[PDB]
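Chains as they are written, first to last, in full-length UniProt numbering: chain A, 7 to 100; chain B, 7 to 99. Data first, discussion second: the structure below is written as structure tokens.
Here it is, written out as structure tokens:
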């Protein structure tokens, strides 16, 4: 009975200078995810195994398959778009 | 040989009005993850099963274990804090 219905953020516009940095951000979220997992005893394995706490994405963000990177970048942009949609202003400083 | 070293965003300060909305954001990010997974053939299962594409967190955001909700909120906050550290102003309009 559960149908996910994310908000339409398609017409939400971000500063290009911010989108240019999507990898920095995505890489940073990846680092946070990885430090945590590793802190809970996870380690790299080619196959994912919950029993031996083994994960194939526990590698430097750069080693990640490009679709994982793509996913992380989009997730980050969605997060920020959502902030904008909630009545907040984002602008580069000076 | 890989040691994650995330940026220290401890001293990054966000508007309280935004942090107040952290669940809303976290819920939306969850919906997006969920629509995708389901689009790729995943469904709910008590136990995660990659072979049968079964996932426990394919439930309405509200029904999630509190630790997952908590993880999602912090992730979102980290994300937004990262924007701030990169030289951007975030302010309620």
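Heads up, the beta-carbon is just placed ideally off N, CA and C, and yes, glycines get one too.
Taking residue i as the reference, which of the options has the closest Cα?
| i | options | result |
| --- | --- | --- |
| residue 47 of chain A | A:38, A:80, A:58 | A:58 |
| residue 6 of chain A | B:20, B:11, B:35, B:17 | The structure shown does not extend to residue 6 of chain A, since chain A is modelled only from 7 through 100, so no value can be given for it. |
| residue 15 of chain B | A:21, A:20, A:37 | A:37 |
| residue 75 of chain B | B:28, B:12, B:90 | B:28 |
| residue 80 of chain A | B:23, B:13, B:42, B:12 | B:42 |
By a C-beta neighbour count over all protein chains shown, 10 Å radius and 16 as the cutoff for buried, is residue i buried or exposed?
| i | result |
| --- | --- |
| residue 8 of chain B | exposed |
| residue 33 of chain A | buried |
| residue 53 of chain A | exposed |
Based on DSSP bridge pairs, tell me the residues matched to residue i.
| i | result |
| --- | --- |
| residue 97 of chain B | A:95 |
| residue 61 of chain B | B:50 |
| residue 55 of chain A | A:60 |
Quick check: residue i and residue j, are their CB atoms within less than 8 Å of each other?
| i | j | result |
| --- | --- | --- |
| residue 1 of chain B | residue 65 of chain B | Because chain B is modelled from 7 through 99, residue 1 of chain B falls outside the range shown and cannot be assessed. |
| residue 83 of chain B | residue 25 of chain B | yes |
| residue 87 of chain A | residue 18 of chain A | yes |
| residue 40 of chain A | residue 10 of chain B | yes |
| residue 95 of chain A | residue 30 of chain B | no |
| residue 20 of chain A | residue 91 of chain A | no |
Nearer than 7 Å: is that true of the beta carbon of residue i relative to any heavy atom of the ligand PLP?
| i | result |
| --- | --- |
| residue 48 of chain B | Judged by which ligands are present, the structure shown has none, so any question about the ligand PLP falls away. |
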